[PDB]
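**Student:** Sharing final-v5.pdb here; it has PDB, C-alpha atoms.
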ATOM      1  CA  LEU A   1      -6.223  -3.002  10.202  1.00  0.00           C
ATOM      2  CA  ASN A   2      -9.867  -2.718   9.060  1.00  0.00           C
ATOM      3  CA  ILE A   3     -11.974  -0.701   6.670  1.00  0.00           C
ATOM      4  CA  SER A   4     -15.598  -1.177   5.691  1.00  0.00           C
ATOM      5  CA  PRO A   5     -17.028  -0.885   2.185  1.00  0.00           C
ATOM      6  CA  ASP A   6     -18.731   2.405   3.125  1.00  0.00           C
ATOM      7  CA  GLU A   7     -15.436   3.843   4.393  1.00  0.00           C
ATOM      8  CA  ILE A   8     -13.587   2.843   1.212  1.00  0.00           C
ATOM      9  CA  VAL A   9     -16.211   4.711  -0.872  1.00  0.00           C
ATOM     10  CA  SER A  10     -15.924   7.700   1.447  1.00  0.00           C
ATOM     11  CA  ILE A  11     -12.139   7.967   0.843  1.00  0.00           C
ATOM     12  CA  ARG A  12     -12.714   8.262  -2.837  1.00  0.00           C
ATOM     13  CA  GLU A  13     -15.389  10.873  -2.158  1.00  0.00           C
ATOM     14  CA  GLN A  14     -12.792  13.139  -0.391  1.00  0.00           C
ATOM     15  CA  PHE A  15     -11.091  13.429  -3.778  1.00  0.00           C
ATOM     16  CA  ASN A  16     -14.298  13.831  -5.757  1.00  0.00           C
ATOM     17  CA  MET A  17     -13.142  11.003  -7.969  1.00  0.00           C
ATOM     18  CA  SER A  18     -14.912   8.296  -9.839  1.00  0.00           C
ATOM     19  CA  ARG A  19     -14.120   4.707  -8.999  1.00  0.00           C
ATOM     20  CA  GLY A  20     -12.052   4.173 -12.137  1.00  0.00           C
ATOM     21  CA  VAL A  21     -10.003   7.264 -11.643  1.00  0.00           C
ATOM     22  CA  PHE A  22      -9.247   6.552  -7.970  1.00  0.00           C
ATOM     23  CA  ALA A  23      -8.428   2.920  -8.720  1.00  0.00           C
ATOM     24  CA  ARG A  24      -6.035   3.955 -11.450  1.00  0.00           C
ATOM     25  CA  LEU A  25      -4.266   6.369  -9.128  1.00  0.00           C
ATOM     26  CA  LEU A  26      -3.889   3.440  -6.616  1.00  0.00           C
ATOM     27  CA  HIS A  27      -2.534   1.071  -9.355  1.00  0.00           C
ATOM     28  CA  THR A  28      -5.533  -1.129  -8.622  1.00  0.00           C
ATOM     29  CA  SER A  29      -8.064  -2.280 -11.140  1.00  0.00           C
ATOM     30  CA  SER A  30     -11.403  -0.609 -11.243  1.00  0.00           C
ATOM     31  CA  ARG A  31     -13.177  -3.921 -10.843  1.00  0.00           C
ATOM     32  CA  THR A  32     -11.082  -4.936  -7.798  1.00  0.00           C
ATOM     33  CA  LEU A  33     -11.950  -1.674  -6.140  1.00  0.00           C
ATOM     34  CA  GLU A  34     -15.590  -2.137  -7.075  1.00  0.00           C
ATOM     35  CA  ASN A  35     -15.593  -5.511  -5.355  1.00  0.00           C
ATOM     36  CA  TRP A  36     -14.249  -3.894  -2.179  1.00  0.00           C
ATOM     37  CA  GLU A  37     -16.626  -0.958  -2.297  1.00  0.00           C
ATOM     38  CA  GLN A  38     -19.497  -3.319  -2.850  1.00  0.00           C
ATOM     39  CA  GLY A  39     -18.630  -5.725  -0.091  1.00  0.00           C
ATOM     40  CA  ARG A  40     -17.998  -8.811  -2.212  1.00  0.00           C
ATOM     41  CA  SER A  41     -14.404  -9.303  -1.134  1.00  0.00           C
ATOM     42  CA  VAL A  42     -12.025  -7.926   1.483  1.00  0.00           C
ATOM     43  CA  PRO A  43      -8.945  -5.957   0.591  1.00  0.00           C
ATOM     44  CA  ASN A  44      -5.592  -7.418   1.627  1.00  0.00           C
ATOM     45  CA  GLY A  45      -3.708  -5.867   4.540  1.00  0.00           C
ATOM     46  CA  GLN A  46      -1.444  -3.766   2.300  1.00  0.00           C
ATOM     47  CA  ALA A  47      -4.396  -2.378   0.308  1.00  0.00           C
ATOM     48  CA  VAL A  48      -6.100  -1.401   3.556  1.00  0.00           C
ATOM     49  CA  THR A  49      -2.855   0.306   4.592  1.00  0.00           C
ATOM     50  CA  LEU A  50      -2.686   2.069   1.259  1.00  0.00           C
ATOM     51  CA  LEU A  51      -6.294   3.285   1.372  1.00  0.00           C
ATOM     52  CA  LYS A  52      -5.899   4.533   4.894  1.00  0.00           C
ATOM     53  CA  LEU A  53      -2.679   6.305   3.939  1.00  0.00           C
ATOM     54  CA  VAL A  54      -4.299   8.154   1.073  1.00  0.00           C
ATOM     55  CA  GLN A  55      -7.222   9.095   3.259  1.00  0.00           C
ATOM     56  CA  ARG A  56      -5.100  10.939   5.791  1.00  0.00           C
ATOM     57  CA  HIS A  57      -2.286  11.963   3.442  1.00  0.00           C
ATOM     58  CA  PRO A  58      -3.835  12.894   0.090  1.00  0.00           C
ATOM     59  CA  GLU A  59      -0.424  13.950  -1.248  1.00  0.00           C
ATOM     60  CA  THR A  60       0.307  10.180  -1.417  1.00  0.00           C
ATOM     61  CA  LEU A  61      -1.662   9.972  -4.730  1.00  0.00           C
ATOM     62  CA  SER A  62       0.803  12.337  -6.340  1.00  0.00           C
ATOM     63  CA  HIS A  63       3.730  10.432  -4.914  1.00  0.00           C
ATOM     64  CA  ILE A  64       2.393   7.287  -6.438  1.00  0.00           C
ATOM     65  CA  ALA A  65       1.900   8.903  -9.803  1.00  0.00           C
ATOM     66  CA  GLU A  66       5.516   9.839  -9.934  1.00  0.00           C
ATOM     67  CA  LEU A  67       6.752   6.313  -9.139  1.00  0.00           C
TER      68      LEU A  67
ATOM     69  CA  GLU B   1       2.918  -2.093 -13.635  1.00  0.00           C
ATOM     70  CA  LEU B   2       5.141  -1.315 -10.690  1.00  0.00           C
ATOM     71  CA  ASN B   3       7.883  -3.759  -9.790  1.00  0.00           C
ATOM     72  CA  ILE B   4      10.374  -4.036  -6.993  1.00  0.00           C
ATOM     73  CA  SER B   5      13.190  -6.508  -6.882  1.00  0.00           C
ATOM     74  CA  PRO B   6      13.906  -8.801  -3.916  1.00  0.00           C
ATOM     75  CA  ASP B   7      17.219  -7.060  -3.302  1.00  0.00           C
ATOM     76  CA  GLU B   8      15.479  -3.673  -3.280  1.00  0.00           C
ATOM     77  CA  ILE B   9      13.090  -4.843  -0.600  1.00  0.00           C
ATOM     78  CA  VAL B  10      16.036  -5.946   1.579  1.00  0.00           C
ATOM     79  CA  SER B  11      17.803  -2.646   0.966  1.00  0.00           C
ATOM     80  CA  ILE B  12      14.734  -0.584   1.965  1.00  0.00           C
ATOM     81  CA  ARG B  13      14.509  -2.424   5.236  1.00  0.00           C
ATOM     82  CA  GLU B  14      18.200  -2.063   6.003  1.00  0.00           C
ATOM     83  CA  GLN B  15      17.952   1.634   5.189  1.00  0.00           C
ATOM     84  CA  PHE B  16      15.311   1.818   7.980  1.00  0.00           C
ATOM     85  CA  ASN B  17      17.650  -0.273  10.153  1.00  0.00           C
ATOM     86  CA  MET B  18      14.636  -2.341  10.906  1.00  0.00           C
ATOM     87  CA  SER B  19      14.207  -6.008  11.714  1.00  0.00           C
ATOM     88  CA  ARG B  20      12.276  -8.133   9.228  1.00  0.00           C
ATOM     89  CA  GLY B  21       9.511  -8.650  11.821  1.00  0.00           C
ATOM     90  CA  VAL B  22       8.951  -4.939  12.526  1.00  0.00           C
ATOM     91  CA  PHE B  23       8.963  -3.958   8.896  1.00  0.00           C
ATOM     92  CA  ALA B  24       6.573  -6.826   8.165  1.00  0.00           C
ATOM     93  CA  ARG B  25       4.242  -5.733  10.959  1.00  0.00           C
ATOM     94  CA  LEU B  26       4.200  -2.209   9.705  1.00  0.00           C
ATOM     95  CA  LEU B  27       3.099  -3.408   6.195  1.00  0.00           C
ATOM     96  CA  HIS B  28       0.680  -5.758   7.894  1.00  0.00           C
ATOM     97  CA  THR B  29       2.308  -8.941   6.730  1.00  0.00           C
ATOM     98  CA  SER B  30       4.319 -11.679   8.554  1.00  0.00           C
ATOM     99  CA  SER B  31       8.116 -11.926   8.754  1.00  0.00           C
ATOM    100  CA  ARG B  32       7.818 -15.243   6.956  1.00  0.00           C
ATOM    101  CA  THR B  33       6.015 -13.623   4.025  1.00  0.00           C
ATOM    102  CA  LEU B  34       8.450 -10.710   3.878  1.00  0.00           C
ATOM    103  CA  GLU B  35      11.279 -13.212   3.868  1.00  0.00           C
ATOM    104  CA  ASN B  36       9.729 -14.882   0.831  1.00  0.00           C
ATOM    105  CA  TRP B  37       9.570 -11.472  -0.901  1.00  0.00           C
ATOM    106  CA  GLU B  38      13.174 -10.680   0.023  1.00  0.00           C
ATOM    107  CA  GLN B  39      14.491 -14.041  -1.166  1.00  0.00           C
ATOM    108  CA  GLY B  40      12.482 -13.870  -4.386  1.00  0.00           C
ATOM    109  CA  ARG B  41      10.397 -16.954  -3.640  1.00  0.00           C
ATOM    110  CA  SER B  42       7.299 -14.802  -3.942  1.00  0.00           C
ATOM    111  CA  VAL B  43       6.539 -11.400  -5.415  1.00  0.00           C
ATOM    112  CA  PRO B  44       4.479  -9.014  -3.325  1.00  0.00           C
ATOM    113  CA  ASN B  45       0.838  -8.357  -4.267  1.00  0.00           C
ATOM    114  CA  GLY B  46       0.241  -5.084  -6.127  1.00  0.00           C
ATOM    115  CA  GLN B  47      -0.707  -2.910  -3.184  1.00  0.00           C
ATOM    116  CA  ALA B  48       2.272  -4.283  -1.265  1.00  0.00           C
ATOM    117  CA  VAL B  49       4.593  -3.296  -4.133  1.00  0.00           C
ATOM    118  CA  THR B  50       3.104   0.179  -4.187  1.00  0.00           C
ATOM    119  CA  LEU B  51       3.647   0.563  -0.461  1.00  0.00           C
ATOM    120  CA  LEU B  52       7.194  -0.653  -0.757  1.00  0.00           C
ATOM    121  CA  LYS B  53       8.091   1.793  -3.563  1.00  0.00           C
ATOM    122  CA  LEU B  54       6.501   4.642  -1.621  1.00  0.00           C
ATOM    123  CA  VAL B  55       8.517   3.862   1.505  1.00  0.00           C
ATOM    124  CA  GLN B  56      11.536   3.462  -0.745  1.00  0.00           C
ATOM    125  CA  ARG B  57      11.272   6.911  -2.344  1.00  0.00           C
ATOM    126  CA  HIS B  58       9.421   8.720   0.456  1.00  0.00           C
ATOM    127  CA  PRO B  59      10.884   7.615   3.802  1.00  0.00           C
ATOM    128  CA  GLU B  60       8.531   9.709   5.880  1.00  0.00           C
ATOM    129  CA  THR B  61       5.834   7.357   4.616  1.00  0.00           C
ATOM    130  CA  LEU B  62       6.783   4.677   7.110  1.00  0.00           C
ATOM    131  CA  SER B  63       6.061   7.113   9.912  1.00  0.00           C
ATOM    132  CA  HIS B  64       2.647   7.848   8.418  1.00  0.00           C
ATOM    133  CA  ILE B  65       1.930   4.168   8.144  1.00  0.00           C
ATOM    134  CA  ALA B  66       2.932   3.504  11.737  1.00  0.00           C
ATOM    135  CA  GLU B  67       0.337   5.960  12.983  1.00  0.00           C
ATOM    136  CA  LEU B  68      -2.695   4.745  10.976  1.00  0.00           C
TER     137      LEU B  68
END
Just dump the structure as structure tokens.
**Tutor:**
Amino acid sequence: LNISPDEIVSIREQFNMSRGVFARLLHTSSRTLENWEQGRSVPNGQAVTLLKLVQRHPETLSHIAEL
Amino acid sequence: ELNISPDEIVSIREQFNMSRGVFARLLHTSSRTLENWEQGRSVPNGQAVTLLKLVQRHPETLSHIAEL
């Protein structure tokens, strides 16, 4: 439903990943993610869903990679 | 770049024996938007496509999503 810029950064920090690496694993551009992390735009509802999914279920990154 | 065809979107939903409205709500979109994706009038945004292919290959994902 909702996720703040600080929370988006924190998800990435669980994985000890740089922005570019995390973005790539989410099939999202680095710059789009930067905009979200920096509070310049809001992610769409499916992106929020995706970030929240990865947060709680880290194995989702691997699933994505194998798509 | 990931892609999912309109027919594939319909098949995923039917596989979940789910109405268009419920599936849409779980994906955080409207039934009207999902209908556009299913009929090929629109293509989902990139994160939407990713979610769809996940739910397609990993069914348990829908359960995870429901509980976020």
**Student:** Would you mind listing, as a list in words, all residues of chain B that have at least one atom within 10 Å of chain A, where only C-alpha atoms are what counts?
**Tutor:**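 Going by the stated atoms only, the list reads residues 1, 2, 26, 27, 28, 29, 44, 45, 46, 47, 48, 49, 50, 51, 52, 53, 54, 57, 58, 61, 64, 65, 66, 67 and 68 of chain B.
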**Student:** So what do you get for CA of residue 23 in chain A versus CA of residue 10 in chain B, distance-wise?
**Tutor:**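 Spanning CA of residue 23 in chain A to CA of residue 10 in chain B is a straight-line distance of 28.0 Å.
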**Student:** Let me know the residues the PyMOL selection byres ((chain A and resi 42) around 10) catches in the file above, as a count of residues only.
**Tutor:** 18
**Student:** To one decimal place in Å, what is the distance between CA of residue 7 in chain B and CA of residue 38 in chain B?
**Tutor:**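 CA of residue 38 in chain B lies 6.4 Å from CA of residue 7 in chain B.
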**Student:** What is the distance between CA of residue 37 in chain B and CA of residue 13 in chain B, in Å to one decimal?
**Tutor:**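 These atoms are spaced 12.0 Å apart.
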**Student:** Please evaluate the PyMOL selection byres ((chain A and resi 12) around 12) against the displayed coordinates and give the resulting residues as a ChimeraX atom specification.
**Tutor:** /A:5-11,13-26,33-34,37,51-52,54-56,58,61
**Student:** Give the answer as one residue: which of B:11, B:30, B:36, B:19 has the shortest atom-to-atom distance to residue 56 in chain B, using only C-alpha atoms?
**Tutor:** B:11
